[PDB]
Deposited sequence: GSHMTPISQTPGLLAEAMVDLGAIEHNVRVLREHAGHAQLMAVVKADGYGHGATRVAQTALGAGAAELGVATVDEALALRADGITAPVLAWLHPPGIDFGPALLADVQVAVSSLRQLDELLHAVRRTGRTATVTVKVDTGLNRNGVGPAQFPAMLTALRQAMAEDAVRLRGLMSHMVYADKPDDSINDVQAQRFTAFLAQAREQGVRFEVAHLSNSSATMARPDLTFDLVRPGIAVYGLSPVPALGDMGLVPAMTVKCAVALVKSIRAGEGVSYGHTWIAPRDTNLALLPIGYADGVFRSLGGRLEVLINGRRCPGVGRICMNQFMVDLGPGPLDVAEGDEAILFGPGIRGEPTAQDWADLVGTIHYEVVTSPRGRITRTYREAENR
């Protein structure tokens, strides 16, 4: 079994996203090991296709990209209490801070390493998770101005998280942008200029160009998965195809597929999913086991290829179809395949 990532599709999706972003620079989001597609290979491909920067949640993710030889800018924005920012600084990793405590921790690491931090501030425009709130932003701006005066930080970015990953027309997107503009006015009042400001995820990138600031941060759309499923594929091509070989044929006629829920085939797909074998759809029957399940063939031989999901070009189910059956989202579908499902690549 394998989870075949078509880097040609990644490259195509990156090119589509850049058309929508217009003059804005694109930050390809490759957290969670490239949403299960492989952070390093997707990153290399996106940068080749015109992405300017990479975005990840954790410094650990950023250090992994650096260790694989990535030299492009990388921004990390989720830091657990206790983190040592020193390794990030020595590896030229940009850090988004979301509290004065995080800033103070970063500054101690700047003095320790002797390395000026390229810093972004993450503010709360409505998600209400971890961004700096409006009342705390002035104090943060003052501390940043002081630190920048002593050449301890370079003030690169202002960023915020969108509330809706898939609801572009909701006026909360417009509200969050108005709130973001207000934060920028607060900075002006404190004599601070950020190099760039960014709020857009994939949904906002493709559908709200009127809310684009200096950079866009698409993730899901890089992998070809529609950020607004009710609109169809949005001209993207899902990059991941999950397939496995028929391990046994047994008589109707059934095929044994040797992957199961420990490999990420959601157990709740039992008796509901279909797979594509030699052009035809074959429904799963019976439970998904830990490492195998059966499908009903109703012209198939041991070793033949069964496709569980993909872009849909050959009539195979899509990750969205799995999301529909399971009651989830394709984000969770593509971060599931593992174990016996080996990640592979189709070169572009």
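In sequence order, the gaps in C-alpha coverage of the deposited chain fall at 1-14, 266-283, 331-334, 385-387.
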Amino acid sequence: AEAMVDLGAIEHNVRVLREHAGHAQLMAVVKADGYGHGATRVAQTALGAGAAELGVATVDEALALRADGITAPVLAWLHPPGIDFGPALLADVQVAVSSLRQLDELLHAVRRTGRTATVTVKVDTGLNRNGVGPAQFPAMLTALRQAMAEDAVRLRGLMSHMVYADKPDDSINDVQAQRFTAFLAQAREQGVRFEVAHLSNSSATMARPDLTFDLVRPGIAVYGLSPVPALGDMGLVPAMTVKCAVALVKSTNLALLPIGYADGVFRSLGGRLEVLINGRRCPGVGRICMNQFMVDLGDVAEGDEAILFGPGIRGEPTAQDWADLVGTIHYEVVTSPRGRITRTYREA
From here on, numbers count along this sequence of modelled residues.
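According to the PDB record, 20-28 carries the higher mean C-alpha B-factor of the two stretches 20-28 and 325-333. If you average the C-alpha B-factors over 122-130 and over 183-191, the higher value belongs to 183-191. Of the residues listed, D92, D104, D263, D151, the entry assigns the biggest Cα temperature factor to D151. Residue set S268, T252, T113, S99: peak C-alpha B-factor at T252 (per PDB entry).
The deposited CA B-factor of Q176 belongs to the middle third of values across its chain. In this PDB entry, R281 carries a Cα temperature factor that places it within the highest third of its chain's modelled residues.
Per-chain ranking of the deposited C-alpha B factor places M206 in the highest third.
Per the deposited record, the Cα B-factor of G69 falls in the middle third when ranked against the other modelled residues of its chain. Placement of the Cα temperature factor of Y223 within the chain: middle third of the modelled residues, per the deposited record.
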